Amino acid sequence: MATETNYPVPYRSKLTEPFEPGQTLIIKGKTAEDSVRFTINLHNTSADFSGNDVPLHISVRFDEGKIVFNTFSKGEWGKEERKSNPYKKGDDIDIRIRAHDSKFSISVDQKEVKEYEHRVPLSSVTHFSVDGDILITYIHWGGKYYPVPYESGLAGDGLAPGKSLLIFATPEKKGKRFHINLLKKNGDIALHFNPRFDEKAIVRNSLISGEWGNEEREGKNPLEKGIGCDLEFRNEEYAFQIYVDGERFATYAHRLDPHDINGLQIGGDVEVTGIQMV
């Protein structure tokens, strides 16, 4: 129990809106040398009753060495479904649950490991909770089905120094490349982020007045086909700080005046599950 001051356990959160197909629930935290198990439940209740139906129960067991799924409804549990637990007592955990119309898709360390068919109505999930030997460090519920190629404007102030655009996506299993453009009203691309698996590199460049700039490579490429990633475009005074999965992958000196970056485009071989401005 280190610097908790965030989401203490047991954690109970009453959903403000229904959990719907296309939306993802992200839970990250830390465990200890003596953690034995922790749970994540998607459940029903009127507001705080706590104890009705549990559409989806997830038990990560360090003693058993697996992650176990099941549901509780009408006063009884069904048959558990198991998957290997890739975590050893002590490491950080990252479990994401995305709702779909026929099931829940669960990924561990951004790796899809389980498809749990709905046994009870998804619409009956009104609450969510986490408990056990885990120190929760991050919880987020949002997203939707983002079609790609994708295009949209950004809030009002857009992406300006001091702001960050976070994108959660998964390069397609058999994809070759995809890109993300941060644009200004006149169509110029301040930042072109273009991972190329065939080239084993991520190209960064700018499009000014219909002309592509220098083209910056350098950098191993921390992305993997079929594995989810967290992309952060941190706009600062002198450059874009590009973070991939928590670590800085590269810096990109501004070639265009920051501010007024109110456009976004995403294309290529990639699935997008979350977009947010912070």
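So that there is no doubt, residue numbering starts at 1 and follows the sequence shown. Under this definition, the rigid core comprises the largest set of C-alpha atoms superposing within 1.5 Å between the forms.
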Of the stretches 41-49 and 238-246, which sits farther from where it is here in 5 other deposited structures of this protein, on average over its Cα atoms, after fitting the core? 41-49
Highest mean C-alpha temperature factor of the two stretches 268-276 and 3-11, which is it? 3-11
In the PDB record, does 206-214 or 248-256 carry the higher mean Cα temperature factor? 206-214
Whose CA atom has the top B-factor in the entry, of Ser35, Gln241, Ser50, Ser59? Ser50
Just the C-alpha B-factor column, please: which of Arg119, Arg82, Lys200, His100 has the biggest number? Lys200
Is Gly142 in the lowest, middle or highest third of its chain when residues are ranked by C-alpha B-factor? middle
Place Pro21 in the lowest, middle or highest third of its chain's C-alpha B-factors, as listed in the PDB entry. lowest
Select lowest, middle or highest to describe the third in which the CA B-factor of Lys66 falls within its chain in this entry. lowest
How does the C-alpha B factor of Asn194 compare with the rest of the chain: lowest, middle or highest third? lowest
Could you look up the Cα B-factor of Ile134 in the entry and say which third of the chain it sits in: lowest, middle or highest? middle
